[PDB]
Amino acid sequence: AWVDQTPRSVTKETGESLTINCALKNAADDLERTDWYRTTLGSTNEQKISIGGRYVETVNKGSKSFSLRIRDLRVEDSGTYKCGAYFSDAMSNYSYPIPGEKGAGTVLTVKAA
């Protein structure tokens with residue numbers, strides 16, 4: 001399988017909103033877990049976004065697509081966002097990581113005004 005992330009790059013202004021779409025393609029089993037990662041400009045490491053508050057995820061397991069919205073964009077918010085989509089049956093014991101695929105990513109630029 002693979003994931004389709006959108007948009008690939010985008011520029012936005014302080015106090016605006018971003019929506020990254022993602023869709024899991026050519027996957028045999030159900031969508032089971034979604035994750036969102038972000039490496040801010042200047043940062044050497046992918047951190048995981050904790051959904052809630054200014055971050056809001058919308059999932060459609062049926063069509064295996066999901067999206068992230070980010071309220072009140074800002075300076076510090078610039079970097080690369082990647083969605084993670086994990087999938088399996090029921091037979092597979094979850095104490096072992098399930099197959100998954102990541103998006104190519106969204107490089108987000110924020111300027112203030």
# chains A, B, ... in the order shown; residues from 1 in each chain; ligands from 1
call {"tool": "select_by_dssp", "arguments": {"residues": "chain A", "states": "strand (DSSP E)", "output": "PyMOL selection string"}}
result
chain A and resi 2-6+9-13+18-25+30-40+47-48+55-60+65-70+79-88+100-102+106-111
call {"tool": "residues_around", "arguments": {"residues": "residue A:54", "least_positions_apart": "2", "cutoff": "10 Å", "atoms": "only C-alpha atoms", "output": "PyMOL selection string"}}
result
chain A and resi 17+50-52+56+69-73
call {"tool": "write_last_selection", "arguments": {"atoms": "C-alpha atoms", "output": "compact mmCIF listing (two decimals), in the first residue's frame"}}
result
# COMPACT_ATOMS: atom_id res chain seq x y z
CA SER A 17 -5.83 27.34 8.99
CA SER A 50 -1.18 15.12 19.92
CA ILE A 51 -4.72 15.59 18.52
CA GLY A 52 -7.00 17.91 20.50
CA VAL A 56 -8.39 18.33 14.77
CA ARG A 69 -6.86 20.73 10.40
CA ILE A 70 -4.62 23.19 12.32
CA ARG A 71 -6.20 26.33 13.80
CA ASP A 72 -4.40 29.69 14.32
CA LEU A 73 -1.35 29.07 12.17
call {"tool": "closest_residue", "arguments": {"among": "A:74, A:102, A:82, A:33", "to": "residue A:15", "atoms": "only C-alpha atoms"}}
result
A:74
call {"tool": "atom_distance", "arguments": {"atom1": "atom CA of residue A:13", "atom2": "atom CA of residue A:76"}}
result
12.0 Å
call {"tool": "closest_residue", "arguments": {"among": "A:1, A:18, A:83, A:92", "to": "residue A:55", "atoms": "only C-alpha atoms"}}
result
A:18
call {"tool": "closest_residue", "arguments": {"among": "A:21, A:43, A:95, A:106", "to": "residue A:57", "atoms": "only C-alpha atoms"}}
result
A:21
call {"tool": "closest_residue", "arguments": {"among": "A:16, A:77, A:35, A:29", "to": "residue A:58", "atoms": "only C-alpha atoms"}}
result
A:35
call {"tool": "closest_residue", "arguments": {"among": "A:20, A:46, A:14, A:5", "to": "residue A:68", "atoms": "only C-alpha atoms"}}
result
A:20
call {"tool": "residues_around", "arguments": {"residues": "residue A:99", "least_positions_apart": "5", "cutoff": "10 Å", "atoms": "only C-alpha atoms", "output": "ChimeraX atom specification"}}
result
/A:1,27,29,85-88
call {"tool": "closest_residue", "arguments": {"among": "A:3, A:91, A:112, A:24", "to": "residue A:65", "atoms": "only C-alpha atoms"}}
result
A:24
call {"tool": "atom_distance", "arguments": {"atom1": "atom CA of residue A:110", "atom2": "atom CA of residue A:12"}}
result
5.1 Å
